[PDB]
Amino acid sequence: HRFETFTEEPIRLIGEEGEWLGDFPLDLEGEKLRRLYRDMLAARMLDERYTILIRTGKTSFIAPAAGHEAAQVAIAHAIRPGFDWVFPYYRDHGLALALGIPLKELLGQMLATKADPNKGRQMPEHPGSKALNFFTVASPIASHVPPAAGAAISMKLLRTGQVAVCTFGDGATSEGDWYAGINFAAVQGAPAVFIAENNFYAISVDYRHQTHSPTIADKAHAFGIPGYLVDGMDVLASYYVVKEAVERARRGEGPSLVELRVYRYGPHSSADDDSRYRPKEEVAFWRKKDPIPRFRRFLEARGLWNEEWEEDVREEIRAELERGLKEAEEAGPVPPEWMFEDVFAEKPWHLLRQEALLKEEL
């Protein structure tokens, strides 16, 4: 099967009534379908938990991902966690969760406690896991694109059969490194899938002032690779299109550029203010497009969902969140000395001198 490239209308698989629109048969078992739903709820609830962490002063920064659930959970399930690699950006905590990263580690990073395997080195929303090949988030927009391409080239040369997926927002597509990295991956026919979580805004700059190409998918023409326009609020459309791109990469056919149109319900970040540049009319329109209720209807129409299960899943998730936060907090603060660790494999003379200097002050 092959999805259509550069479609004028974003690819959809879930009808608004819960009908299947695919030109191929749905092959996800009920258990797997319910898991997709479960992870989207977990992602949404984690995001809502983040809002509270900001209020209670537990974390100093959050990047609301509400509205990105279908896209992020779909990506997490389209690959093999622990085998394939992920080069995410700051708004991907929903993907991180769905991928399997322990809440203890995600929250530990948000709180900068010893629970953070990244050792509280960066500000919140910069998770990273060696265990799940989740390349630690870097701050400069799109700086992770060239590395994703490199990792994919390594996978090809070493014949590991792995694939590297790289996610970014619409704003990221304007950076030179975004273009330069994908171009190299395309020329090498590397097993990399570049995925845009297009929410039509880069903080306050709208899509129209971001780029002149009608879509991000159209940019694929600049690399000679397939480009896909997808309804990012449709977890099944997102899953299958990304999965197809992943399989294409895995069989050595090169990269793809997948555009998942979603919407950022919350502000750009806790340091921003959404209602400062977006019409409540546009936000409302996309609010009716929430990916969670949409997939719920799809499951409901197939006897795969009911209120009892719904409540059961939510209570299990909130317990996981509470336990995750508890573990993260009890981990304790990161030592001051850690500031000198990991710059290099071993501390050189100057760092040893500087570490001794700081100690005089402690």
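In case it trips you up, residue 1 is the first one in the sequence shown, and so on.
Residue 175 unmodelled in at least a third of other compared entries: No, residue 175 has coordinates in all the other entries compared.
Unresolved residue 145 in a third or more of other entries flanked by modelled residues: no, residue 145 modelled in all other entries.
17-25 or 338-346, whichever carries the higher mean Cα B-factor: The recorded data point to 17-25.
Comparing 32-40 with 295-303, the one whose average Cα B-factor in the PDB entry is higher: Higher mean C-alpha B-factor: 295-303.
Residue of maximum C-alpha B factor among 287, 221, 93, 77, per deposited coordinates: Checking the PDB record, the top C-alpha B-factor among 287, 221, 93, 77 is at 287.
Out of 66, 63, 70, 313, highest CA B-factor residue: Checking the PDB record, the top C-alpha B-factor among 66, 63, 70, 313 is at 313.
Chain-wide C-alpha B factor ranking for residue 281, given as lowest, middle or highest third: Its C-alpha B-factor belongs to the highest third of this chain's values.
For residue 271, the third of its chain into which the C-alpha B factor falls: According to the entry, residue 271 has a C-alpha B-factor in the chain's highest third.
Residue 209, C-alpha B-factor rank within chain (lowest, middle or highest third): Highest third, going by the recorded CA B-factors of the chain.
Assigned third (lowest, middle, highest) for the C-alpha B factor of residue 265: Tercile = highest for this residue's CA B-factor.
Residue 251 - which third its CA temperature factor falls in, relative to the rest of the chain: CA B-factor rank for residue 251: highest third.
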